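Below is one structure, written out as structure tokens; comments come after it.
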Amino acid sequence: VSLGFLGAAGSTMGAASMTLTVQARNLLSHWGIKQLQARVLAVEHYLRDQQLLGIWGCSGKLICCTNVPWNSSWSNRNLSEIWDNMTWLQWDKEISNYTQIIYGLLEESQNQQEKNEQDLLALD
Amino acid sequence: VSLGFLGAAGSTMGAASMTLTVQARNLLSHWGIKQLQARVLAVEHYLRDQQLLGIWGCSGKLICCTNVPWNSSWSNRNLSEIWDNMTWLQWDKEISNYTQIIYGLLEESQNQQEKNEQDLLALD
Amino acid sequence: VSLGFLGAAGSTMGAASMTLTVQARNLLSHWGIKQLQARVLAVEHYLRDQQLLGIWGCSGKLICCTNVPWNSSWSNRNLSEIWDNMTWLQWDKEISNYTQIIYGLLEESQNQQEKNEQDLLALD
Amino acid sequence: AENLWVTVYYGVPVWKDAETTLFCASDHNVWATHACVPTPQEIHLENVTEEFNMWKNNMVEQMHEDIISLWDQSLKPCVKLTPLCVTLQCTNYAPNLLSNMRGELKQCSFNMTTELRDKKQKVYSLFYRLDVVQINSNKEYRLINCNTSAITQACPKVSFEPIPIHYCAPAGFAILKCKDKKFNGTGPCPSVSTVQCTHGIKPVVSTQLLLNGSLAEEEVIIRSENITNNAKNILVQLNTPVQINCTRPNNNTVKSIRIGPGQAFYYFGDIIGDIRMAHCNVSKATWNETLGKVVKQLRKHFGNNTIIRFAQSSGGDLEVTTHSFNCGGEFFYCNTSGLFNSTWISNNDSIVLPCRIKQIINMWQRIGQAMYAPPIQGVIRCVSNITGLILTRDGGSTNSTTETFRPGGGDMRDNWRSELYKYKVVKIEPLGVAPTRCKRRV
Amino acid sequence: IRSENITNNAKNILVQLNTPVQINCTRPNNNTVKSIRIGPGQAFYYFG
Amino acid sequence: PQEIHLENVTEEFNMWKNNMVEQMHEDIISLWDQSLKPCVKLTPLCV
Ligand SMILES: *[C@@H]1O[C@H](CO)[C@@H](O[C@@H]2O[C@H](CO)[C@@H](O[C@@H]3O[C@H](CO)[C@@H](O)[C@H](O[C@H]4O[C@H](CO)[C@@H](O)[C@H](O)[C@@H]4O)[C@@H]3O)[C@H](O)[C@H]2NC(C)=O)[C@H](O)[C@H]1NC(C)=O
Ligand SMILES: *[C@@H]1O[C@H](CO)[C@@H](O[C@@H]2O[C@H](CO)[C@@H](O[C@@H]3O[C@H](CO)[C@@H](O)[C@H](O)[C@@H]3O)[C@H](O)[C@H]2NC(C)=O)[C@H](O)[C@H]1NC(C)=O
Ligand SMILES: *[C@@H]1O[C@H](CO)[C@@H](O[C@@H]2O[C@H](CO)[C@@H](O[C@@H]3O[C@H](CO)[C@@H](O)[C@H](O)[C@@H]3O)[C@H](O)[C@H]2NC(C)=O)[C@H](O)[C@H]1NC(C)=O
Ligand SMILES: *[C@@H]1O[C@H](CO)[C@@H](O[C@@H]2O[C@H](CO)[C@@H](O[C@@H]3O[C@H](CO)[C@@H](O)[C@H](O)[C@@H]3O)[C@H](O)[C@H]2NC(C)=O)[C@H](O)[C@H]1NC(C)=O
Ligand SMILES: *[C@@H]1O[C@H](CO)[C@@H](O[C@@H]2O[C@H](CO)[C@@H](O)[C@H](O)[C@H]2NC(C)=O)[C@H](O)[C@H]1NC(C)=O
Ligand SMILES: *[C@@H]1O[C@H](CO)[C@@H](O[C@@H]2O[C@H](CO)[C@@H](O)[C@H](O)[C@H]2NC(C)=O)[C@H](O)[C@H]1NC(C)=O
Ligand SMILES: *[C@@H]1O[C@H](CO)[C@@H](O[C@@H]2O[C@H](CO)[C@@H](O)[C@H](O)[C@H]2NC(C)=O)[C@H](O)[C@H]1NC(C)=O
Ligand SMILES: *[C@@H]1O[C@H](CO)[C@@H](O[C@@H]2O[C@H](CO)[C@@H](O)[C@H](O)[C@H]2NC(C)=O)[C@H](O)[C@H]1NC(C)=O
Ligand SMILES: *[C@@H]1O[C@H](CO)[C@@H](O[C@@H]2O[C@H](CO)[C@@H](O)[C@H](O)[C@H]2NC(C)=O)[C@H](O)[C@H]1NC(C)=O
Ligand SMILES: *[C@@H]1O[C@H](CO)[C@@H](O[C@@H]2O[C@H](CO)[C@@H](O)[C@H](O)[C@H]2NC(C)=O)[C@H](O)[C@H]1NC(C)=O
Ligand SMILES: *[C@@H]1O[C@H](CO)[C@@H](O[C@@H]2O[C@H](CO)[C@@H](O)[C@H](O)[C@H]2NC(C)=O)[C@H](O)[C@H]1NC(C)=O
Ligand SMILES: *[C@@H]1O[C@H](CO)[C@@H](O[C@@H]2O[C@H](CO)[C@@H](O)[C@H](O)[C@H]2NC(C)=O)[C@H](O)[C@H]1NC(C)=O
Ligand SMILES: *[C@@H]1O[C@H](CO)[C@@H](O)[C@H](O)[C@H]1NC(C)=O
Ligand SMILES: *[C@@H]1O[C@H](CO)[C@@H](O)[C@H](O)[C@H]1NC(C)=O
Ligand SMILES: *[C@@H]1O[C@H](CO)[C@@H](O)[C@H](O)[C@H]1NC(C)=O
Ligand SMILES: *[C@@H]1O[C@H](CO)[C@@H](O)[C@H](O)[C@H]1NC(C)=O
Ligand SMILES: *[C@@H]1O[C@H](CO)[C@@H](O)[C@H](O)[C@H]1NC(C)=O
Ligand SMILES: *[C@@H]1O[C@H](CO)[C@@H](O)[C@H](O)[C@H]1NC(C)=O
Ligand SMILES: *[C@@H]1O[C@H](CO)[C@@H](O)[C@H](O)[C@H]1NC(C)=O
Ligand SMILES: *[C@@H]1O[C@H](CO)[C@@H](O)[C@H](O)[C@H]1NC(C)=O
Ligand SMILES: *[C@@H]1O[C@H](CO)[C@@H](O)[C@H](O)[C@H]1NC(C)=O
Ligand SMILES: *[C@@H]1O[C@H](CO)[C@@H](O)[C@H](O)[C@H]1NC(C)=O
Ligand SMILES: *[C@@H]1O[C@H](CO)[C@@H](O)[C@H](O)[C@H]1NC(C)=O
Ligand SMILES: *[C@@H]1O[C@H](CO)[C@@H](O)[C@H](O)[C@H]1NC(C)=O
Ligand SMILES: *[C@@H]1O[C@H](CO)[C@@H](O)[C@H](O)[C@H]1NC(C)=O
Ligand SMILES: *[C@@H]1O[C@H](CO)[C@@H](O)[C@H](O)[C@H]1NC(C)=O
Ligand SMILES: *[C@@H]1O[C@H](CO)[C@@H](O)[C@H](O)[C@H]1NC(C)=O
Ligand SMILES: *[C@@H]1O[C@H](CO)[C@@H](O)[C@H](O)[C@H]1NC(C)=O
């Protein structure tokens, strides 16, 4: 069932992959100063990486899989225990020192090359 | 013609359905405190349901026809006078209660189910 | 190579058309008043025309080419020296007047009409 | 197909000039860096020209006025110091000291309210002869500006040292800077570049010389506005610095008396040691070398054959007539004579300069506010790095009659215009459209 | 006319004209001022 | 309300190193002396 906000955080990834809008809907939901300080803080911390995934070619949806392979030198783990034994709290750790090359070759190699192929093939 | 902001608000729905950008364009267009107070509420009162629109599967457009049927127990009205006699100021009233179950089964039966048919067809 | 922020601004348009994310990524990247004044300033000076590119039918991408012809009375210049000799700093000048009729005619002729045809044809 | 079609672009690198505010950023309590944002990524630009225009820059203004507002933000929550104006019974202190130190340092005497309201108290102090004026035995005295302003003291634990500061623009705006070695006010710079936030500036208050300041490149230059017009002033900048030392030679204890409810005062106590005066040594030969360099430079702007003369200050009040600057929590006023003494034609020792000091200042040219400054226990040393100066000219006659120069100044705004000439901030615009061969797509 | 409550006699009455009428007045006397300092740095004016 | 219970998860707390203790400790200072300021200045009670 729909547990709540950060609900299935301890469980495995596959059950966590089932329901995700519970994180989405709560994400925006003399002493005036820190009220006005906090609201601008929250809205910029939201849409900083809202535009930074808006550049990632699937601004609308929540899950997209685009035209880029995987470096096996990052990890050599077979698909099963990725999705059956390890949970998300572990998963970010081993790609902590690498996340920059993810964000690097993710964006500069894809949304140009496919749109170069737009501008030159589909618009020829 | 383009009458103006809230222009055709008294007219019927079909004429109101013709022109709609005039509501879009005007929507963002010691005493410093309340100018800075006005602007932050203006921008995030806008994009609270802009992001709630974004989760509704058609973040780009203004009208999208998605994969969800209709509980006829909400209203049993023949299609003509839906679009010919009743205007929008009347229309919100009789669905003022189901508005939560509207928003409930809106995309938590669609961007959960078209989610899943991505997930297991298009992601497949 | 990726030179930097406003990098290839002096070069020709074709080289400038190659790399564009370096402008996108750096667009969001008693004396508290002008801190909080600057931040609200910058965020909606960003997404005023983020939303008015959103009404232009290609909210996701950065280059889209839609269903709208070109009037030769704006300029009669052949394709070559458009993309080979003149740079962007010159290019805005000679359409510094017609900019409103660009922004006028652009999607009032499109983002209804294409989806008028969507609402009446492919949802029929 | 041969009809073309328009497309959009996003992020086209063009700018237009505008003006918004900026913000400060840097890296016990001083005026400036109580709470700001801690901190490169310089990006070189090329194949592009731009025409600068200093003296129409705007950032000079808002920085000039928020340091006003910073300065009198700082002093306010310390003690309102009103009842310091009763008559003064007073005399010259310590005669039969027949040196140059004779008119200096009168000793005075007065009444003061006690901690509790009705009682009275008598306490005694020293002052300088520029501090306090008689109104028409002893004479009766009141200090120079009890009228037309109030007075309050700087609460003693805070400091007066100038921290370096960076200025920085918000997003959607851009810092462009000319990287030419030689630059003369305005011009097309064929090598400009962009930064996010400016480099460091130490904003110290100075009159008639620039101190611990930024240097220039190998050739000394001048800057003006009106150059043959003579109304306004003239700035110069050297390439290599010369140095300076001075000091106050006294050990000079302090004492503390409460005034009313919960307040504290400090007055200048009494003098242990001998009596001397403040003087300031400079190197003679290096000074002649650099000034001969700067006049050999500026002969380009007045004809290769003319005679030029250096003269002293004209007059007016003390605030314009001499080089004045703080050091470590006091205020200086020297004579500034023996360095504008020369004339010039076509074909180990040092220099003393006398220097008096004042106790309360009224700067900013804004009558209405006046600070009291507590004297400092202990001896003072003060070294500096000497750079540039300011200059003005007089009227005259036809253009052969031996033009003459004098150090002038006075105005506070030009004191920064010497070190942010190389900056211009601008607003980008990322949206543009263009026709192209996109066969228009549904 | 404009009231809130007209049968209620508690509150006040507003009306509005349709044409303006005009009004002149003045003070007919030539007058002097003098300036006396109070204490530290202040200025006062009284009727001369 | 809307409290949400969690499950299958551990965490190590650290009291005495919290930061909000400070935040509220100093804004209660500033609230207290904000409150008393615009009422009566009471000086001449010392004879
Ligand atoms: C121009 O350039 C000079 C370069 O010297 C520059 O800096 C000065 O540097 C000296 C060297 O540190 C500072 O002098 C002293 O340092 C000793 C270290 O032992 C301290 O004893 C001094 O003050 C301490 O003691 C006080 C007594 O209780 C304390 O209240 C105080 O907080 C200190 O702990 C003192 O720091 C000197 O301070 C600076 N500044 C000056 C003005 O000399 C100088 O700042 C540059 N700018 C100007 C405008 O001169
Ligand atoms: C500070 O205030 C105190 C409190 O009043 C002063 O003490 C008293 O001051 C008055 C006038 O200053 C003195 O009065 C004069 O004394 C001579 C003595 O013969 C007399 O001839 C005068 O006509 C007048 O009375 C008075 O002696 C003195 N002491 C007392 C106990 O009353 C004090 O002088 C003030 N300090 C100053 C003004 O520097
Ligand atoms: C407040 O009091 C101060 C000090 O008593 C006044 O400042 C002084 O004002 C007098 C006005 O007579 C000026 O005196 C002049 O001095 C010059 C010196 O060159 C002399 O040539 C003149 O004959 C005249 O005496 C003087 O400029 C000024 N300063 C000093 C040190 O005397 C001030 O005017 C008073 N009023 C206000 C409103 O501040
Ligand atoms: C005018 O203002 C007040 C309230 O804003 C109302 O005025 C008077 O209200 C009293 C109290 O109800 C009425 O008097 C009596 O009321 C009792 C209620 O039990 C009733 O039994 C009596 O028959 C009598 O009516 C009174 O009518 C009323 N008006 C007066 C004195 O002029 C009133 O509601 C307001 N008027 C409006 C809204 O038109
Ligand atoms: C600055 O301008 C020069 C000349 O305009 C550029 O020169 C390049 O020259 C080579 C030589 O064959 C050409 O292949 C390139 O197409 C030229 N580039 C451009 C943009 O015209 C030089 O590259 C320019 N600098 C930069 C960074 O583009
Ligand atoms: C392309 O250029 C102009 C821009 O509107 C149009 O020329 C107009 O034509 C009408 C028809 O007679 C005239 O009344 C106007 O005076 C003309 N000028 C302007 C500035 O409007 C021309 O029709 C446009 N072509 C298309 C296909 O839109
Ligand atoms: C600032 O220095 C520059 C150095 O290039 C001067 O630029 C040129 O100087 C020559 C000298 O004969 C003039 O003939 C040119 O007209 C100048 N260039 C341009 C584009 O005008 C410039 O004259 C100097 N300016 C000042 C005010 O000293
Ligand atoms: C700089 O000084 C000149 C000196 O007169 C000012 O005045 C005009 O000067 C010219 C010399 O070219 C004369 O021929 C004109 O006749 C003067 N004015 C008139 C009314 O004819 C000039 O105004 C000054 N100001 C600046 C900043 O240049
Ligand atoms: C500045 O110059 C004066 C004058 O030469 C120097 O004063 C000398 O200081 C020493 C040290 O106490 C004495 O022994 C001498 O008698 C002083 N006078 C002379 C004439 O030498 C002073 O040292 C110099 N430097 C500073 C920083 O003041
Ligand atoms: C300046 O005056 C102070 C105050 O007397 C002197 O400091 C004293 O020095 C003696 C010598 O050792 C000590 O016994 C005292 O305890 C010191 N007093 C204090 C309050 O610390 C000082 O020597 C004088 N000279 C200089 C150059 O500072
Ligand atoms: C600073 O020193 C100069 C030089 O002594 C002083 O100027 C002298 O002032 C007196 C009195 O007016 C004149 O008689 C002298 O002719 C002036 N020059 C000489 C050679 O003494 C000046 O007064 C002193 N104070 C300042 C800073 O002006
Ligand atoms: C009010 O009184 C003033 C003060 O006398 C009058 O002003 C004077 O008028 C005479 C007549 O020409 C002048 O010579 C004086 O110089 C004026 N004095 C001042 C201070 O201005 C004034 O005329 C009177 N009447 C009014 C204002 O109606
Ligand atoms: C918690 O872990 C246990 C251990 O097997 C498991 O049976 C249970 O389903 C888990 N609960 C959730 C909500 O994941
Ligand atoms: C994976 O990353 C390493 C890092 O240097 C690189 O050497 C290797 O070639 C990458 N793998 C592939 C298939 O490119
Ligand atoms: C998958 O990983 C487990 C982990 O030990 C391993 O035993 C198994 O052989 C792996 N499967 C394949 C096909 O390599
Ligand atoms: C991984 O990130 C940490 C954070 O301290 C950094 O110190 C470390 O160098 C990076 N580790 C490696 C080995 O890359
Ligand atoms: C207003 O109502 C009349 C009644 O028929 C109709 O003719 C008219 O079109 C309406 N106005 C608008 C703007 O629809
Ligand atoms: C329509 O909604 C009502 C709400 O109470 C529900 O009882 C009914 O079963 C629904 N009808 C269908 C067909 O789901
Ligand atoms: C359509 O609705 C109107 C509204 O009263 C009604 O008169 C008409 O009979 C309805 N048509 C059908 C087919 O039920
Ligand atoms: C519908 O919404 C209104 C809003 O007040 C609420 O009072 C009502 O109970 C809801 N349901 C019904 C029966 O109207
Ligand atoms: C394209 O423009 C250039 C500009 O002068 C011209 O020389 C050339 O003839 C043009 N080409 C055509 C096909 O019109
Ligand atoms: C183009 O814009 C400018 C801005 O002043 C305007 O003055 C001019 O009229 C417009 N140019 C023309 C003549 O269309
Ligand atoms: C100035 O004072 C410093 C103090 O350390 C001394 O070293 C230097 O020799 C003095 N003179 C000059 C000309 O710098
Ligand atoms: C000026 O400097 C020169 C050295 O180039 C020297 O001959 C002359 O004596 C100097 N004059 C003064 C006053 O220092
Ligand atoms: C003026 O003197 C400078 C000094 O080197 C020289 O370079 C220049 O040629 C001279 N110009 C004239 C016009 O005399
Ligand atoms: C210039 O220096 C000489 C040498 O002491 C002196 O006689 C003369 O008075 C000085 N000039 C001035 C204005 O002090
Ligand atoms: C003064 O000039 C010297 C020359 O080395 C330079 O090193 C120093 O940074 C400048 N500043 C200070 C305070 O010495
Ligand atoms: C008021 O006085 C003025 C003086 O200009 C006169 O013209 C006018 O008739 C008077 N009456 C009014 C305005 O009712």
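Chains: A, B, ... in order of the structure tokens. Residues: from 1 per chain. Ligands: from 1, in order shown.
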
Interface rows for chain D against ligand 9: nearest pair, Å to one decimal, 9 Å, only C-alpha atoms and all ligand atoms, as JSON lines:
```
{"residue": "D:244", "atom": "CA", "partner": "ligand 9", "partner_atom_place_in_ligand_line": "27 (C)", "distance": 8.6}
{"residue": "D:245", "atom": "CA", "partner": "ligand 9", "partner_atom_place_in_ligand_line": "27 (C)", "distance": 5.1}
{"residue": "D:246", "atom": "CA", "partner": "ligand 9", "partner_atom_place_in_ligand_line": "27 (C)", "distance": 4.8}
{"residue": "D:247", "atom": "CA", "partner": "ligand 9", "partner_atom_place_in_ligand_line": "28 (O)", "distance": 6.0}
{"residue": "D:248", "atom": "CA", "partner": "ligand 9", "partner_atom_place_in_ligand_line": "28 (O)", "distance": 8.2}
{"residue": "D:249", "atom": "CA", "partner": "ligand 9", "partner_atom_place_in_ligand_line": "28 (O)", "distance": 8.1}
{"residue": "D:278", "atom": "CA", "partner": "ligand 9", "partner_atom_place_in_ligand_line": "28 (O)", "distance": 8.1}
{"residue": "D:279", "atom": "CA", "partner": "ligand 9", "partner_atom_place_in_ligand_line": "28 (O)", "distance": 6.6}
{"residue": "D:280", "atom": "CA", "partner": "ligand 9", "partner_atom_place_in_ligand_line": "28 (O)", "distance": 6.3}
{"residue": "D:281", "atom": "CA", "partner": "ligand 9", "partner_atom_place_in_ligand_line": "1 (C)", "distance": 4.9}
{"residue": "D:282", "atom": "CA", "partner": "ligand 9", "partner_atom_place_in_ligand_line": "1 (C)", "distance": 8.2}
{"residue": "D:350", "atom": "CA", "partner": "ligand 9", "partner_atom_place_in_ligand_line": "2 (O)", "distance": 7.6}
{"residue": "D:351", "atom": "CA", "partner": "ligand 9", "partner_atom_place_in_ligand_line": "2 (O)", "distance": 8.1}
{"residue": "D:352", "atom": "CA", "partner": "ligand 9", "partner_atom_place_in_ligand_line": "2 (O)", "distance": 6.6}
{"residue": "D:381", "atom": "CA", "partner": "ligand 9", "partner_atom_place_in_ligand_line": "27 (C)", "distance": 7.2}
{"residue": "D:382", "atom": "CA", "partner": "ligand 9", "partner_atom_place_in_ligand_line": "27 (C)", "distance": 8.0}
{"residue": "D:383", "atom": "CA", "partner": "ligand 9", "partner_atom_place_in_ligand_line": "27 (C)", "distance": 8.3}
```

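Pocket residues of ligand 15, taken as those with any atom at most 10 Å away using only C-alpha atoms and all ligand atoms, are residues 76, 77, 78, 79, 80, 81 and 82 of chain A.
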
Report task. Determine which residues of chain D sit within 7 Å of chain E, taking into account only C-alpha atoms, and present them as a ChimeraX atom specification. Result -> /D:146-150

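When atom 5 (O, counted along the ligand's line) of ligand 5 is paired with atom CA of residue 90 of chain C, their separation reads 15.4 Å.
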
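The spacing separating atom 3 (C, counted along the ligand's line) of ligand 3 from atom CA of residue 144 of chain D amounts to 5.4 Å.
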
Against chain F, which residues of chain A fall within 9 Å? For each one I want the closest pair of atoms and the distance in Å (one decimal), counting only C-alpha atoms, rows by chain and increasing residue number, as a Markdown table.
```
| residue | atom | partner | partner_atom | distance |
| --- | --- | --- | --- | --- |
| A:3 | CA | F:4 | CA | 7.6 |
| A:4 | CA | F:4 | CA | 5.9 |
| A:5 | CA | F:4 | CA | 7.0 |
| A:6 | CA | F:6 | CA | 8.2 |
| A:7 | CA | F:6 | CA | 6.5 |
| A:8 | CA | F:7 | CA | 7.9 |
| A:9 | CA | F:9 | CA | 7.9 |
| A:10 | CA | F:9 | CA | 5.2 |
| A:11 | CA | F:8 | CA | 6.8 |
| A:30 | CA | F:34 | CA | 8.1 |
| A:31 | CA | F:31 | CA | 8.6 |
```

Requested in this report: Taking only C-alpha atoms and all ligand atoms into account, report as a list in words which residues have an atom no farther than 7 Å from an atom of ligand 8.
Outcome: residues 226, 228 and 229 of chain D

Keeping only N, CA, C and O atoms, write those residues as a PDB file, in the first residue's frame.
```
ATOM      1  N   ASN D 226      38.633  66.274 -18.379  1.00  0.00           N
ATOM      2  CA  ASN D 226      38.356  67.452 -19.164  1.00  0.00           C
ATOM      3  C   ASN D 226      39.599  68.036 -19.782  1.00  0.00           C
ATOM      4  O   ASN D 226      39.539  69.151 -20.292  1.00  0.00           O
ATOM      5  N   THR D 228      41.939  69.623 -20.994  1.00  0.00           N
ATOM      6  CA  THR D 228      42.367  71.047 -21.137  1.00  0.00           C
ATOM      7  C   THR D 228      41.434  71.992 -20.349  1.00  0.00           C
ATOM      8  O   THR D 228      41.879  73.110 -20.046  1.00  0.00           O
ATOM      9  N   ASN D 229      40.289  71.443 -19.881  1.00  0.00           N
ATOM     10  CA  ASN D 229      39.147  72.150 -19.216  1.00  0.00           C
ATOM     11  C   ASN D 229      39.425  72.661 -17.794  1.00  0.00           C
ATOM     12  O   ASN D 229      38.740  73.553 -17.312  1.00  0.00           O
TER      13      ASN D 229
END
```

Query raised in the report: Residues at most 10 Å from ligand 5, using only C-alpha atoms and all ligand atoms? Could they come as number ranges by chain?
Result: C: 1, 3, 7-16, 84-85, 87; D: 44-48
